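Each chain, written out:
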4 protein chains.
Amino acid sequence: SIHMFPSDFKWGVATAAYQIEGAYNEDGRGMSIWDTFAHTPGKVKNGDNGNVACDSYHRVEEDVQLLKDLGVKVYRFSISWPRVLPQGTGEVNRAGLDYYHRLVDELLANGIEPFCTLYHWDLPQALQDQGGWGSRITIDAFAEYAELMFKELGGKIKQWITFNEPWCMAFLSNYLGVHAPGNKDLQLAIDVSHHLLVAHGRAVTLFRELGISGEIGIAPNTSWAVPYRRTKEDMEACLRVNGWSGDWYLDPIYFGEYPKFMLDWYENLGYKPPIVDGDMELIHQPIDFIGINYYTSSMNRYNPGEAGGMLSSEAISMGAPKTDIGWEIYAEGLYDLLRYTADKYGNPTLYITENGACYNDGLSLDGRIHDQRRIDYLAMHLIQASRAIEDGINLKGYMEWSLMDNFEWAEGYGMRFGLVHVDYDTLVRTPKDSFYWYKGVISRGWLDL
Amino acid sequence: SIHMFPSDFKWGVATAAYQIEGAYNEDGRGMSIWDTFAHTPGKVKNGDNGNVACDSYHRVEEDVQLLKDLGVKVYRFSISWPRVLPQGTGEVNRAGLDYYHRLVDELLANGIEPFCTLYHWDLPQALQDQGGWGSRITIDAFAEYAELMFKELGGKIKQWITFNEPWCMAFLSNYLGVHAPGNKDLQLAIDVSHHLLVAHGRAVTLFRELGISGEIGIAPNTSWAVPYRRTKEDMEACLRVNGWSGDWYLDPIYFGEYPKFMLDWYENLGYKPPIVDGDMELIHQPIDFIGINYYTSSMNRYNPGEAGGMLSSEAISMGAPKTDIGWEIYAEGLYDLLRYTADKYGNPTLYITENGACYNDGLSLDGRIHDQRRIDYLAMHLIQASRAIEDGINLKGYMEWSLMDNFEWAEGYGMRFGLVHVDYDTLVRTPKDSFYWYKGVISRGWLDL
Amino acid sequence: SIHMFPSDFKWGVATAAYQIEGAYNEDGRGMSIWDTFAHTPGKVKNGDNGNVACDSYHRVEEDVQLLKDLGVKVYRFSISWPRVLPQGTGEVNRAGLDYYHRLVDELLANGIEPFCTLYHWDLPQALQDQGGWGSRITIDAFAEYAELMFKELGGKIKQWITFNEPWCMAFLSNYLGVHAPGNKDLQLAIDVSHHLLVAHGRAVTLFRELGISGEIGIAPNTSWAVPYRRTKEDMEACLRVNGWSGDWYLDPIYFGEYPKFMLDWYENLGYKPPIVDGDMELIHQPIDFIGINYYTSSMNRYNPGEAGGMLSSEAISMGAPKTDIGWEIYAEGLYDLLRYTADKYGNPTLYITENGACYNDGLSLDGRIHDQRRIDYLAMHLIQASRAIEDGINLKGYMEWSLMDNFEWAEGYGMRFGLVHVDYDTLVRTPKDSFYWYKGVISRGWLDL
Amino acid sequence: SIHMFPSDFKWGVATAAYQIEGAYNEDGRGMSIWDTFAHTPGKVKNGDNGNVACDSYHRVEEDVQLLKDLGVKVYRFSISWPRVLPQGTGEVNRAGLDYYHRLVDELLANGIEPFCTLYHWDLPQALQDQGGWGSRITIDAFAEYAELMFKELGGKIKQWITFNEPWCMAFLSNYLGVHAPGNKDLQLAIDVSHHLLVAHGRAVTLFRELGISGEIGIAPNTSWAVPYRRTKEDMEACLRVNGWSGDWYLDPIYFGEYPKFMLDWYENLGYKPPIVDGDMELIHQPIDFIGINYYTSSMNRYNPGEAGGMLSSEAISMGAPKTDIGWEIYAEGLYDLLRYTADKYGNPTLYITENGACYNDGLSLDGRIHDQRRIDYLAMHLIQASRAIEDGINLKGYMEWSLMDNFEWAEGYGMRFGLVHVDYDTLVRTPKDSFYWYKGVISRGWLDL
């Protein structure tokens, strides 16, 4: 069956600074909360860290070569805040900016549109020492940072993302303690969520004031959940899942207010966002697009007990196949999420800023990586992406997650999400079968599956 | 995650006369349309036929042993019409009835509840020579047949199914020409559908009049389809899918009228059911349960062109994993179908009379059949079955399709659906891993997946 | 493509006394030229002999069981002359006749038609000591032998073959010295050819006089050859190939004279058949059928040099695939041979008395013999057999060579021609995949290939 | 057996522009009907296209190196019409001509004789927009094209072929709709067949007028068929097979008239070639040779029903071994075809312009491709080629199909016909075992098989 895609569809791939760059202690780069976290014994699996990663800092040419070989039209990457402003504010490290300029220049020179992500969890340790995202001071620092990048790369980059996966940097980091800084405080997580949103709003305003042409948005990893039973309590239990991960950030931006149902939920628990008068108006700035980061979804039901958790929404195994990282495959969730976002936010421009599977396939004696499982996963989701477009949703692009295997945060290097296999011991890069497959999909513009 | 099942849940397994029995030309058994079809060159793959099959006719003890080893509480099987009435009517072949009595006695002796299926596509050739289901004469023959079985086994059997998968015996057989008799006439298929329904209604009436205690119903293989786009035309295109395969038979029974939308669809094409005055009232007889036969579902969209077919409903590949027979795995469709049936028909008693996967796994040098794929499939669907029960649907039982590998109709013996591996050359039966797995599920009454 | 076969087509399989029986020195059996030959160092590969073979002499029940499992309608076997008449003449060994009666009775009891072959190369050593087939005395001995068998088994057997593969027992044995007795004399080979024909004629006459109902014929292994070039000399070179192996025996029977072209060829070399006045008339007796033994054919060209040989007909490799015994696969040769025989001899009743492939496939760890190569070979030839029938040729039956692996004469036990695998060390018989395949072909009566 | 070949035998290999070149959108190359076809969803398997192919456009040196390593004396390639005349007529793209000049120069520099093929299905889309070969305008365009190439490369190339496989570009493309343009109209296919023949005749005339020394011919893929039964109707059914694919084109050229039997066949169906007065005389121009393209042949029989098709000639499976693309191996058909052509057309100069097998063998861990099946196939056919020469047929050369694996039209890249393995993902070329084998055959000039 032929799954068609628009002629002007933006095919791309994405990466993240700390996950691929390496050279963490070079050319005046300051430490980030992740350098600290990774260096802390017991925080990352096997004691892995992004010290070297894929060494992309010294392999701009190699990165771009993979990109032009893939035939990608858009490349999404992030800027390492500590690399341009080691202290988060003040002294500008030109050596860092030089790298990003060199990268962007190569991209442009090869017809690849840069999709820059300002913040991808690598907060400068200096700012963290001052309270990190828990302090409003960091909001100022981010505004300074954003303005700097807008002035530096704003003339070459016309695709900007303020924060990538707000829930992960806020709740998974400050509430669940799985990601840097590694705190376990619900209120703090809510504080961080509020401060990042204000920082975002201010960044959007600056983008507009600077008159720099292009688009700017935010990329939430809106968690999806399907109602176990057709009950009001189950549907609401599922609404809270996408509510505390996506709606919590998109609503203040689009409507100038946090989602009511979530506010009431937190309020009943004794939690409220530290809203300083004027904040909501700062956050309430029109953005050009929403970045959808999808990987999986669950089947939830209302449960007031421990099984339901803070959201009293218990997930129930569908018995579905899982990726090597343990996530269930529910391709239909992509369509459901896109449909939801399109309905609620007035069908704005949507870009799948992240979508991929974790499959640890290595090299066969063949010399190649036969990751059919990744191909199958991607194919299923691209079918849902095409479905959404056919269903009138404004999906303007798709960027599969991870160009190459990288530092998978707390999981270390064990989990592989890339199209290009990276042997971390020899740093040798070998394009997987999925690479060549995706290349063909991009070339054709359609899928015969 | 623990998927619970009611204490009184009827766990079972099913088979079909011509698919396992064998001894087609023994003890006075008359030929059926399938004996003829299978014997016709080019009709069945490799020229396979149910002459011997699994030889269950001579292995009653072996069959029952597998059943008690599995721990099954219910066993669904069918009666070979030509074996009890070689000419479809008149002379009663007691040798045939003896077999069924011996089987039923063994079942009862081992605490296994018989779930008898009167008609499973094996129409006596003698009746086919007179026009088969295209002639109203066959309706009389079936009424005679039903009455005979009700009087013979009615005292031991309290679970009766008139027709199994009406759409298959009607449309796939007389419209698509894939199954016996192998005709290609839409109107004829509609005629057959009407006549089988009248025969069903008359059989239900007889069941009531004979005062035989128990339950009686019909088992449709209601094809499921998911709307590609959230469009009225797509939703209607999907409604026609379940409409011409399930609603077309259940509506005349529950409401005393064919589904309006289907009537109009056929009418516009110049097709109408041969309704003789009084027929609808004969069909409109209350049944005790609905037998749900589920295996897969599709994703359809409206299409007036050839791609849409007669129903102008084009199926679009989900890119989902498929069984060895080529059917996509869409476990959620089970829940959707059960939910649909429960809503429309007043939440009647439901029994999943068929559900399984076609996986051709053979014996490993291990000596066992490691069919994890079948286990995974079953597990996923049982999770949906439990979901339905949790969602208030009256699902009272589950019977996985095929106790052992058998004659898969037009596919011959190549496609394996059973829990027990059957080597057709040596007729040796070896329980697969799925057998032992299902056994455990039945024993526990729940599933930890 | 469906290759149909007549409803009354005689499906069968064949064996040979010395190749399967065993018990060479039991129940008063006399030695044959093959017992002597095989016992002679250097005559048979590895020093193998038919002392035990498949031990079919003690396994009548097992033989017949394989036959009824195969679904064969006709079974062709041969009578061990030394087993019924140890000295070739005189004293009758009733113990031997008892075996054949027991075998025939079992066959008849299971609906298997016996196809008896009087002579299959096992000439009694006693007669060989008197000159063997080189002496006219043996003609008398054979007449006595034939009469004995006709009187003994004539009431149960209605299918008789006097001599099997005359060329092999004559030329390959007395001219090439590869088979028993192992002589190298062209004239002697011609003498033997003449004497066996007279013995045949006399046997046919006796068959008629005894009034025993049934059929009687001879089974030549008419070697086929295709003209390399469309030249008269090449066509004649090819005619001599089928001429000295088949025409040389069939012509005296059908026309009462040896083929002219062959007579002239031998005459020019100084060779002539020892025709005693009256002989040709004795040989010129009407037979009921011709037994065609086909396996392969070649591509020949005229060559007066050594490469052409005695017949000045040099074979040229077609580069075609070969069986494990080294014979090229030329299925079309079957049709060509049948067509030739049908044209020349007035389209008489034809029976493919031998056709199979030598494939040494053994048991896999599977426990089965996956001899797809044998299946493919048989299929190709059965397609040609069906072709011949469609082309109006009177082919009334097919008997694939070797029911089970046996003593392959000079090749010993190394070459396997059977449908049933025989482990010569343990004497265990295991039906190969070809067995089950052929069984299906016989059952259907057609072939979907 | 030694199969000898003449000392002056022209050993070669062949390729096709769109199948290997790549760089479809470079140096001003215009689109062809195949670029369009391949780019159309659902037209080519997996959505493959000749965009890159083997990238031979940028690898002239590599191509020639393989050629000199193979020891080939002749290299047959085709000119991409859209590459020299992007619009089919008018503006000459010198960049395209430069490539062909560079290739030809390298060939000549290494002692390799160029065998140029003007048309190999890649008709300029511009001409197709005007009706393509259905319009007589294209005849003019081809005449202009031919004249251009004759003037450009005529001084270096002395071996010219106007059209390659006329039946494929005509019937398979415009009647069966399997190849570009993809039409289904018998009359249109007949129109195209007529127009290409006129274009051919005009091209031959130009070749003569320009006084350019050398040879010029046409290469039909005359389909061969063997009579199932020795019946007149079957023989005629087989004559139509080679008649509508080869005789239909060769007769107007050699005799100045379409084959009578074919004319009558089409006429009875209501079809006639659009013969404009003077056309037959234009086509009736003496050619220097006939290019025989052989791969397989069938066994046909007369059949007025659907099974017989338009030609009422039903093919019957020989059960013979097949190549990986599904074609039966019938080596003898080569000899039969050559013999037929030699008899009918006055034994003109013949060149096997195409002959090879589709075997998808890839690299073993050995690092080499052990394609013994291709070697066996080639060997068998070369034996028939030698046979033809020995039989007095004027076979002056052999060119095995595909130097390297390439874009197999509608089959995409999945089917491999080359002597050199091409990994389409890495574009790495690895000589297969067949390469080294063929090299040896060319070196020796004979074959010991």
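> Outline the arrangement of the chains, supporting the account with residue identities and numerical values.
Nothing in chain A touches chain C, and the closest approach of their C-alpha atoms is 26 Å. Where chain B comes nearest to chain D, the C-alpha atoms are still 13 Å apart, and the two do not contact one another.

> Go over empty space enclosed by the protein with me, naming the residues and quoting the values.
Residue and element names in this part refer to chain D. If you walk through the whole model with that rule in mind, you get 8 cavities of 30 Å³ or more. Estimated volume of the largest cavity: approximately 70 Å³. Lining the largest cavity, in full, are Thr15, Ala16, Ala17, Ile20, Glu21, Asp63, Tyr75, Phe77, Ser78, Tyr99, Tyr100 and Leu103. For the lining of the largest cavity, the secondary-structure elements that each account for two or more residues are α1 (17-20), β3 (74-78) and α5 (94-109). Taken together, the residues that form the lining of the largest cavity break down as 8 nonpolar, 2 polar and 2 charged.

> Run through the sheet that holds strand β5 (residues 159-164) of chain D, naming residues and quoting values.
Residue and element names in this part refer to chain D. Spatial ordering of the closed barrel is given by β2-β3-β4-β5-β6-β8-β11-β12, a layout of 8 strands whose pairing is parallel. Between one strand axis and the next, the sheet turns by 25° as a mean value, whatever way the strands run. One ladder, built from 4 bridges, connects strand β8 (residues 289-293) with strand β11 (residues 350-354); its direction is parallel. Note that in β11 the partner of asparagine 293 across the bridge is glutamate 354.

> I'd like to hear about the nonpolar core, residue by residue, with values.
Side chains of a nonpolar character, in soluble globular proteins, are inclined to be buried together. Residues and elements named next belong to chain C. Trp133 and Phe142 are the most contacted members of the largest nonpolar core, which totals 152 residues. The biggest single contributor to this core is helix α9 (residues 186-209), with 13 residues. Setting aside its immediate chain neighbours within four residues, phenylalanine 142 contacts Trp81, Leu118, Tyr119, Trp133, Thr162, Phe163, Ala199 and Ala203.

> Can you lay out the UniProt feature "active site" in chain A for me, pointing to particular residues and giving the numbers?
Residue and element names in this part refer to chain A. The positions UniProt marks with the feature "active site" are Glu165 and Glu354. The greatest C-alpha distance among the residues just named is 9.9 Å, despite their covering 190 residues of sequence, which places them together in space. Summarising the element assignment, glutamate 165 is placed in the loop between β5 (159-164) and α8 (166-174). Of the residues examined, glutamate 165 reaches a relative accessible area of 7% and is grouped as buried. Those residues in contact with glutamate 165 that sit more than four places away from it in its chain are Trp121, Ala219, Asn221, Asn293, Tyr295 and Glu354. Of note, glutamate 354 is situated in strand β11 (residues 350-354). What makes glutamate 354 buried here is its relative accessible area of 2%. For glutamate 354, the contacting residues outside a window of four places in its chain are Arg76, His120, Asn164, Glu165, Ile292, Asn293, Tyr294, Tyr295, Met399 and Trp401.

> Break down the pairing of strand β13 (residues 420-423) of chain C for me, with residues and values.
Residues and elements named next belong to chain C. Looking at chain direction, β13 and strand β14 (residues 428-431) are connected through 4 bridges and run antiparallel. The residue of β14 that forms the bridge with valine 420 is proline 431. The hairpin turn running from β13 into β14, its antiparallel successor, is 4 residues long, and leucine 427 in that turn takes a positive phi close to 55°.

> With reference to specific residues and values, describe the interface of chain C and chain D.
Counting from both sides, the interface comprises 28 residues of chain C and, opposite them, 30 residues of chain D. Overall, the association of chain C and chain D removes approximately 2300 Å² of surface from exposure, summing both partners, and the carbon and sulfur fraction of that is 47%. On the chain C side of the contact with chain D, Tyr228, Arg230 and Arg387 of chain C bury the most area, a combined 25% of that side's loss. Where chain C packs against chain D, one counts 3 salt bridges. Notably, a salt bridge pairs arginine 230 of chain D with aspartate 343 of chain C, separated by 2.4 Å at the nearest N-O pair. Taken together, the links from chain C to chain D amount to 11 residue pairs in polar contact. No other element matches helix α14 (residues 372-390) of chain C, which puts 6 residues into the side of chain C that touches chain D.

> Go over the relation of the copies chain C and chain D with me, naming the residues and quoting the values.
Laying chain C over chain D is done by rotating through 179° and shifting 0.0 Å along the axis; what remains is an RMSD of 0.0 Å. Expressed as an axis order, the relation between the two copies is that of a two-fold axis. Among all residues of chain C, the minimum C-alpha distance to the rotation axis is found for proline 321 of chain C, at 4.9 Å. In this assembly, 100% of the residues forming the interface of chain C have copies in chain D that are likewise at the interface, indicating an isologous arrangement.

> Describe helix α5 (residues 94-109) of chain C, and please don't skip the residues or the numbers.
Residues and elements named next belong to chain C. The end-to-end C-alpha distance of α5 is 22 Å, a good match for the 22 Å that 16 residues give at a rise of 1.5 Å each. Taken together, the buried positions of α5 are occupied by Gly96, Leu97, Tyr99, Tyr100, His101, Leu103, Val104 and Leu107. Along its buried surface, α5 packs onto α1 (17-20), α3 (60-70), β3 (74-78), α4 (81-84), β4 (113-119) and α7 (137-153). Once α5 finishes, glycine 111 follows within two positions and takes phi at roughly 70°, a positive value.

What counts and what doesn't
Residues numbered from 1 in each chain as written, not as in the entry; some residues may be left out. Chains lettered and ligands numbered in written order. Part of a larger assembly, values for the part shown. Heavy atoms only, no water. Contact = heavy atoms within 4.5 Å. 1 Å grid on protein atoms, 1.4 Å probe; cavity = no way out; pocket = protein on both sides within 12 Å on 5 of 7 lines; lining within 4 Å. Points joined across faces, edges and corners; volume = space filled by probe spheres on them. Helix = DSSP H or I, 4+ residues; strand = E, 2+ residues; numbered from the N terminus. Nonpolar A, V, L, I, M, F, W, Y, C, P; charged D, E, K, R; others polar. Pairing = 2+ DSSP bridges. Axes fitted to C-alpha atoms, helices over the stretch in contact; angles between N-to-C directions. Core = buried A, V, L, I, M, F, W, Y, C linked by side-chain atoms within 4.5 Å. Buried < 20%, exposed > 50% of the residue type's maximum accessible area, 1.4 Å probe, protein only. UniProt positions renumbered as here; feature names shortened; annotations may be inferred. Buried area = accessible area lost by both parts, 1.4 Å probe. Salt bridge = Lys/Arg side-chain N within 4 Å of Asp/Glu carboxyl O. Polar contact = N/O pair within 3.5 Å; in protein donor to acceptor, adjacent residues only side chain to side chain. Least-squares fit on C-alpha atoms. Expected span 1.5 Å × (residues − 1).

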